[PDB]
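Colleague: Below is the structure I would like to discuss, written out as structure tokens.
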Amino acid sequence: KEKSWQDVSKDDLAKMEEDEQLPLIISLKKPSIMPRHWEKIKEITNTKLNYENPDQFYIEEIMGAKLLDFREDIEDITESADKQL
């Protein structure tokens with residue numbers, strides 16, 4: 001519940017996906033997500049987790065905002081972000 005972006009690998013060979021979260025962040029860790037997508041996560045989820053830190057937290061904190069409840073917002077940003085890539 002504590003490895004960082006660099007430590008926790010959750011992208012495409014997501015070691016954490018190997019460990020709702022499973023398909024949540026497989027595409028939310030690609031270069032697809034750029035700090036404006038971070039912004040969109042913070043606003044549309046209505047989470048101050050990403051308002052305090054749009055590039056600095058741990059997998060615990062992203063589940064802190066409920067993944068299934070806020071998959072609507074995160075999803076819009078996710079397929080958005082992949083097409084943005």
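Chain identifiers are assigned as A, B, and so on, following the order in which chains appear in the structure tokens; residues are numbered from 1 within each chain, and ligands are numbered from 1 in order of appearance.
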As JSON, numbers by chain, please: every residue in chain A that a backbone DSSP assignment puts in alpha helix (DSSP H).
Modeller: {"A": [15, 16, 17, 18, 21, 22, 23, 24, 35, 36, 37, 38, 39, 40, 41, 42, 43, 44, 49, 50, 51, 52, 59, 60, 61, 62, 63, 64, 71, 72, 73, 74, 75, 76, 77, 78, 79, 80, 81, 82, 83, 84]}
Colleague: Show which residues sit within 9 Å of residue 55 (chain A), as a PyMOL selection string. Count only C-alpha atoms, and ignore same-chain residues fewer than 6 positions away.
Modeller: chain A and resi 5+35+38
Colleague: Might you pull out every residue within 12 Å of residue 52 (chain A), with only C-alpha atoms counted and same-chain residues fewer than 2 positions away left off, and present them as a ChimeraX atom specification?
Modeller: /A:38-39,42-43,47-50,54-57,61
Colleague: Pull N, CA, C and O atoms from the residues just selected and write them as a CSV table (one decimal), in the first residue's frame.
Modeller:
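Dumped to part_7.csv:
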chain,number,residue,atom,x,y,z
A,38,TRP,N,-3.7,14.4,-14.8
A,38,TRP,CA,-3.7,14.4,-13.3
A,38,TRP,C,-4.7,15.4,-12.8
A,38,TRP,O,-5.4,15.2,-11.8
A,39,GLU,N,-4.7,16.6,-13.4
A,39,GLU,CA,-5.6,17.7,-13.1
A,39,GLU,C,-7.1,17.1,-13.2
A,39,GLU,O,-7.8,17.2,-12.2
A,42,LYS,N,-8.0,15.0,-10.4
A,42,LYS,CA,-8.3,15.6,-9.2
A,42,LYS,C,-9.7,16.3,-9.2
A,42,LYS,O,-10.4,16.3,-8.2
A,43,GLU,N,-10.0,17.0,-10.3
A,43,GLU,CA,-11.3,17.7,-10.3
A,43,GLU,C,-12.5,16.7,-10.4
A,43,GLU,O,-13.4,16.7,-9.6
A,47,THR,N,-11.4,14.8,-5.7
A,47,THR,CA,-10.5,14.3,-4.7
A,47,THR,C,-9.4,15.4,-4.5
A,47,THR,O,-8.9,15.9,-5.4
A,48,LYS,N,-9.1,15.7,-3.2
A,48,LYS,CA,-8.0,16.6,-2.9
A,48,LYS,C,-6.7,15.8,-2.7
A,48,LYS,O,-5.7,16.4,-2.5
A,49,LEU,N,-6.8,14.5,-2.9
A,49,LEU,CA,-5.6,13.7,-2.9
A,49,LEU,C,-4.7,14.1,-4.1
A,49,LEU,O,-3.4,14.2,-3.9
A,50,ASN,N,-5.2,14.3,-5.2
A,50,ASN,CA,-4.5,14.8,-6.4
A,50,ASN,C,-4.5,16.3,-6.5
A,50,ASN,O,-3.8,16.8,-7.4
A,54,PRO,N,-0.5,16.2,-7.6
A,54,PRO,CA,-0.7,15.6,-8.9
A,54,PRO,C,0.5,14.8,-9.5
A,54,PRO,O,0.4,14.5,-10.7
A,55,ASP,N,1.5,14.5,-8.8
A,55,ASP,CA,2.4,13.5,-9.2
A,55,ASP,C,3.1,12.7,-8.1
A,55,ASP,O,4.2,12.1,-8.3
A,56,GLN,N,2.6,12.8,-6.9
A,56,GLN,CA,3.4,12.3,-5.7
A,56,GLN,C,2.4,11.7,-4.7
A,56,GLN,O,1.8,12.3,-3.9
A,57,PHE,N,2.3,10.4,-4.8
A,57,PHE,CA,1.6,9.6,-3.8
A,57,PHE,C,1.8,8.1,-4.1
A,57,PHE,O,2.7,7.7,-4.9
A,61,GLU,N,-3.2,5.7,-1.8
A,61,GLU,CA,-3.9,6.9,-1.9
A,61,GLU,C,-4.9,6.9,-3.1
A,61,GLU,O,-6.0,7.5,-3.0
Colleague: Give me, as a list in words, all polymer residues having an atom no more than 9 Å from residue 20 (chain A), counting only C-alpha atoms and skipping those fewer than 5 positions away in the same chain.
Modeller: residues 67, 68 and 71 of chain A
Colleague: Write out as a PyMOL selection string each polymer residue whose atoms come within 10 Å of residue 21 (chain A), counting only C-alpha atoms; drop sequence neighbours fewer than 5 positions from it.
Modeller: chain A and resi 10+16+26+59+62-63+66-68+71
Colleague: Would you export the selected residues with C-alpha atoms as an mmCIF file, in the first residue's frame, please?
Modeller:
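Result file again-v3.cif:
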data_model
loop_
_atom_site.group_PDB
_atom_site.id
_atom_site.type_symbol
_atom_site.label_atom_id
_atom_site.label_comp_id
_atom_site.auth_asym_id
_atom_site.auth_seq_id
_atom_site.Cartn_x
_atom_site.Cartn_y
_atom_site.Cartn_z
ATOM 1 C CA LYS A 10 1.375 -0.629 -12.514
ATOM 2 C CA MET A 16 0.932 -4.552 -9.007
ATOM 3 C CA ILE A 26 -3.126 -0.550 -16.230
ATOM 4 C CA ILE A 59 -1.220 3.149 -4.633
ATOM 5 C CA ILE A 62 -5.464 6.207 -5.347
ATOM 6 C CA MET A 63 -7.661 3.566 -3.726
ATOM 7 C CA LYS A 66 -12.956 4.708 -4.319
ATOM 8 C CA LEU A 67 -11.847 3.075 -7.545
ATOM 9 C CA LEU A 68 -15.172 1.560 -8.577
ATOM 10 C CA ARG A 71 -14.179 4.798 -12.231
#
Colleague: Using only C-alpha atoms, which residues sit within 6 Å of residue 58 (chain A) once same-chain residues fewer than 6 positions away are excluded, as a list in words?
Modeller: residues 2, 3 and 4 of chain A
Colleague: Between A:83, A:29, A:70, A:14, which is the closest to residue 46 (chain A) once you count only C-alpha atoms?
Modeller: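 For residue 46 (chain A), the nearest of the given residues is A:70.
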Colleague: Which distance in Å separates CA of residue 30 (chain A) and CA of residue 77 (chain A), to one decimal?
Modeller: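 Going from CA of residue 30 (chain A) over to CA of residue 77 (chain A), I get 12.3 Å.
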Colleague: Take CA of residue 69 (chain A) and CA of residue 33 (chain A) and report the distance between them in Å, one decimal.
Modeller: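 Going from CA of residue 69 (chain A) over to CA of residue 33 (chain A) covers 20.2 Å.
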Colleague: One number please: CA of residue 75 (chain A) to CA of residue 45 (chain A), in Å, one decimal.
Modeller: 10.4 Å
Colleague: For residue 72 (chain A), which residue out of A:85, A:28, A:44, A:22 is the nearest one, using only C-alpha atoms?
Modeller: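 Looking at the shortest contact to residue 72 (chain A), the residue is A:44.
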